[PDB]
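To keep things clear, I will list the structure first and then write my remarks on it.
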Amino acid sequence: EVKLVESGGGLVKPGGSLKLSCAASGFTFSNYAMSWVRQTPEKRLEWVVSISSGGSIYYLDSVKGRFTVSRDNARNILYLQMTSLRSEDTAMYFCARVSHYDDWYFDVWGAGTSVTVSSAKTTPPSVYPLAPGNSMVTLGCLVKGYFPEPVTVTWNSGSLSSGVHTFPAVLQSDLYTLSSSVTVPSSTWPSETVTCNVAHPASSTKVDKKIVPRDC
Amino acid sequence: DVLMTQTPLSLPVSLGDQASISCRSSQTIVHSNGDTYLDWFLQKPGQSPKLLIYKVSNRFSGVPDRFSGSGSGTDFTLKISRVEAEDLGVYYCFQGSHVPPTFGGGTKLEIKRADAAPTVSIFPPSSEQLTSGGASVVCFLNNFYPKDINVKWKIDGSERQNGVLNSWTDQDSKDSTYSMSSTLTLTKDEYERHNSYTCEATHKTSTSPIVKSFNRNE
């Protein structure tokens with residue numbers, strides 16, 4: 001299967017450094033030109049760098065001399081070494097393959113890896129359950145006071161995916177807070193258990209919170 | 001550098017109707033040969049961009065004929081015939097002709113569906129949170145349309161505004177609805193100093209505001 005997977009993103013301070021990776025699989029990596037394209041928090045897409053099969057490299061002026069792209073045509077991996085990181089380098093970094101046809105376009109993109117440039121320090125989240133006070137019942141999880149983004153949220157380890165949506169994280173007092181909503185048939189709760197899983201990579205946190213009905 | 005300007009910045013459309021998106025460049029984007037390298041990408045929520053059309057009018061593998069591109073000079077247009085809820089996402093134009101390759105700012109396509117009232121649920125602070133000296137009362141307004149909506153909080157019938165935070169989700173790719181959360185944050189001491197917490201939802205689907213609430217008494 002043709003696929004690209006990026007990794008290495010995280011919280012880095014101004015002037016700091018960070019190296020990102022992109023593992024290619026399913027095609028002859030060495031024959032294709034590759035690129036890194038970033039998406040700012042504003043959702044704007046920006047070309048960062050492109051490296052041809054020939055090894056030639058072209059940088060976006062604003063990162064020229066700070067970023068270093070490279071490739072391991074043996075292990076089929078694309079790298080982006082970043083130095084002197086700035087606030088504006090904050091973005092979702094995407095790895096993309098360039099395909100030629102005798103011209104060129106980006107025909108494959110990976111899921112991206114998040115990079116946040118800031119002096120602020122990491123803060124894990126507090127995870128609280130949201131249980132009701134008659135055919136369906138809605139439950140939820142409150143994930144608050146964490147930094148930086150992102151966090152992942154699943155229900156019952158990802159087996160409970162329908163009737164689920166996560167509200168965007170909102171920044172307030174330099175900390176993010178969001179909540180997740182899950183709706184299931186009332187005839188299966190508290191019967192069949194409902195628990196949300198929350199991970200916050202930056203703080204190496206992984207919390208599971210079971211939504212137990214309030215009695216008292 | 002070549003600047004790509006897209007219009008409209010947002011675009012409502014009903015299922016079956018046609019959608020039109022424009023991209024204007026700061027200069028003509030012809031290449032040395034005689035071809036224009038303008039591409040269109042679609043980025044569905046949570047996913048990464050995906051090529052739809054390239055070189056102005058050529059559809060990419062797996063792209064229906066419902067999608068078409070055209071244009072010349074600095075004006076390019078993407079037309080989506082018979083819109084299906086799945087076409088939901090942010091469309092972006094792009095040119096690779098000149099260095100550096102640049103993208104337009106994007107046009108968000110939203111699906112218009114029949115209005116729908118929300119389904120409101122209120123939740124008391126968790127014992128776990130109360131323990132740490134804080135308290136948050138949450139309210140969910142799920143699967144409604146249009147996106148616009150108001151939320152009022154009341155503590156013992158006495159409307160409260162300070163300390164409220166609302167956040168909306170993007171439009172769902174399934175039912176074309178929106179959902180929003182309202183979170184009233186107060187201290188434990190303050191929270192326990194009262195009893196009747198109410199959450200009222202006012203939406204255009206009714207003059208009557210959907211009301212849900214609870215009491216620390218049960």
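Naming works like this for the structure tokens: A, B, ... for the chains as they're shown, residue 1 at the start of each chain, ligands 1 onward in shown order.
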
Specify as a PyMOL selection string all residues of chain B found within 6 Å of chain A, counting only C-alpha atoms.
chain B and resi 48+105+123+169

Show which residues sit within 6 Å of segment 144-158 of chain A, as JSON, numbers by chain. Count only C-alpha atoms, and ignore same-chain residues fewer than 6 positions away.
{"A": [122, 123, 124, 125, 126, 175, 176, 177, 195, 196, 197, 198, 199, 200]}

Atom CA of residue 15 of chain A to atom CA of residue 69 of chain A: how many Å, to one decimal?
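Atom CA of residue 69 of chain A lies 17.9 Å from atom CA of residue 15 of chain A.
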
Just the alpha helix (DSSP H) stuff from chain B, please, per backbone DSSP, written as a ChimeraX atom specification.
/B:127-130,188-191

If you measure from atom CA of residue 191 of chain A to atom CA of residue 127 of chain B, what distance in Å do you get, rounded to one decimal?
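Atom CA of residue 127 of chain B lies 21.4 Å from atom CA of residue 191 of chain A.
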
Considering only C-alpha atoms, return as a PyMOL selection string whatever protein or nucleic-acid residues lie within 12 Å of segment 17-24 of chain A, sequence-local ones (same chain, fewer than 5 positions apart) excluded.
chain A and resi 1-12+29-32+34-36+66-86+89-90+92-97+108-118

Let me make sure I understand: among B:214, B:144, B:92, B:60, which one has the smallest atom-to-atom distance to residue 113 of chain B if we use only C-alpha atoms?
B:144

Identify, on the basis of only C-alpha atoms, every residue whose closest approach to segment 25-42 of chain B does not exceed 6 Å; exclude the query and any residue fewer than 6 positions from it along the same chain; express the result as a list in words.
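Here the qualifying residues turn out to be residues 2, 3, 4, 49, 50, 51, 52, 53, 54, 55, 56, 73, 74, 90, 91, 92, 93, 94, 95, 96 and 97 of chain B.
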
In segment 9-184 of chain B, DSSP strand (DSSP E) residues written as number ranges by chain
B: 10-14, 19-25, 38-43, 50-54, 58-59, 67-72, 75-80, 89-95, 102-103, 107-112, 119-123, 134-144, 150-155, 158-160, 164-168, 178-184

Interatomic distance (Å, one decimal) between atom CA of residue 217 of chain B and atom CA of residue 162 of chain B
24.4 Å

Just want the 12 Å neighbourhood of residue 210 of chain B, counted on only C-alpha atoms, with same-chain residues fewer than 2 positions away dropped. Output as a list in words.
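After dropping sequence-adjacent residues, the list is residues 117, 118, 119, 120, 121, 122, 139, 140, 141, 149, 150, 151, 152, 198, 199, 200, 201, 202, 203, 204, 205, 206, 207, 208, 212 and 213 of chain B.
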
Between B:215, B:7, B:173, B:187, which is the closest to residue 134 of chain B once you count only C-alpha atoms?
B:187
